[PDB]
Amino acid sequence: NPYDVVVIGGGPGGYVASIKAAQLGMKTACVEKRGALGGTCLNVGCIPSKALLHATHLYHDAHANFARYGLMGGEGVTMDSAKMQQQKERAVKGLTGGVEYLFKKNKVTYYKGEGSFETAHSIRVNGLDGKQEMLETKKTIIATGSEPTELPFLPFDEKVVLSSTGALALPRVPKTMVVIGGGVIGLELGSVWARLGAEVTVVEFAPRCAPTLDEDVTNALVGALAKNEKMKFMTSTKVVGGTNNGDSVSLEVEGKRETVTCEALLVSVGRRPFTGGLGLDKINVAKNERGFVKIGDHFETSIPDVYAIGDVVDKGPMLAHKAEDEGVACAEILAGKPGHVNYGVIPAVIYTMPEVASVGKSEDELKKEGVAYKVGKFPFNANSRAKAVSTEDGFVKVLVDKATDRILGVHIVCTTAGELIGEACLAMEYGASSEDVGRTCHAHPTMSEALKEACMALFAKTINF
């Protein structure tokens, strides 16, 4: 054409890198094959899952908690699953259409089709309309993302053997559902359907669910899931075989064998980096054994002028805000500015109820690294707001360097953990000590006071516990 930058992939990583590059003055194009912008996150990930977790949480509260507050008739509330899915699609549509508008507003040229490398500076676009085009550019950002990991002996058919995409689109509540993989995606998607009536069983190979989190955190979460959603957990369990019977699945597991039968199986064991059809081999962009594109500190691949960000790269966790910050940083670097991402401060949130939010290091990691640390913990059953509205589950746990009082990690389990973690992120970005946070005035009554007091438990004593 020629372009200054061509971004392949329109997910959180690519659409943000595209807008930021355009804003910085670069002639930018974004190639996306799906037919809609927003990538995995907006279309079949972040957004539809949070939309269904919200609607189902309202439903659960009406049935389980309304009476405690004086509300009668909650038992009469039912969920029209077709209308529920329709609102979810409406929400997704509002966001994906919004990104197209931002592209127009920022003058990003949008190509609908699959992008492939011809050379490090020429990209072939196989248009969705059949037409082919060759893009010439100075720089290219690979933001092709990831896809669900399939079990080789039980391929997805998105009818009974489901990936997260199929599970988000079920037209009716399954009677029974088994979830393989007790990670963030399995727990969120299992909660959606368990709230509406499905008998859900989670099968996890590790000793406990969300193995990346400390045991006191996952304990608080699984205890709530077992009590409220009535989910059943089978940890230290391996899946050894299975059969797709067309309208049900038979799974064989072992902890001693056993067979489980379910109407719907959600396989959420992991996600793998996706570079299919990209032509990386043609230009020799290096990948590690897991298939991730290898990058350096400035997002550069092994090939000059070709960069990569988001889920496809060998750095950081596979999360949307990580891809978004890498997109901004990469665009800034391409414009001659000093961009960078702080990989030591990337939060992770589980939108179950209660929610779980973490940033920084876990105790398991500090123990592994031999760091001497102090723990400040404040339970929500002692917090003013949580007691006032009767949603007392969870706690805030702050880990500090026993020598310098610096905050090393913050973990929160409570109804509003996702929004509380932003304060902890800013604290860590700044290298704050527990005393810095503890001496800041927090509004009363708020759940953020539990963060203030857990910090006070580190450098002094908490007041309300």
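Throughout, we count residues from 1 along the sequence that is shown.
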(message) So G255 and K256 are neighbours in the shown sequence, but is anything from the deposited sequence left out between them? Give the count as none, 1 to 3, 4 to 9, or 10 or more.
(response) 1 to 3
(request) Determine, for stretches 183-191 and 279-287, which one has the higher mean CA B-factor as deposited. (result) 279-287
(message) Quick check on the record: does 447-455 or 19-27 carry the larger mean Cα temperature factor?
(response) 19-27
(message) Looking at the C-alpha B-factor values in the deposited entry, which of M84, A348, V178, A372 comes out highest?
(response) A372
(request) Would you mind checking which of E365, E355, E324, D216 has the top Cα temperature factor in the PDB entry? (result) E365
(message) Lowest, middle or highest third: which one holds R272 when the chain's residues are ordered by CA B-factor from the entry?
(response) middle
(message) Splitting the chain's C-alpha B-factors into thirds, which one does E229 fall into?
(response) middle
(request) Please place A36 in the lowest, middle or highest third of its chain by C-alpha B factor as given in the entry. (result) middle
(message) Using only modelled residues of the chain, where does the Cα B factor of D129 rank: lowest third, middle third or highest third?
(response) highest
(message) Test of reading the entry: by CA B factor among the chain's modelled residues, which third contains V161?
(response) lowest
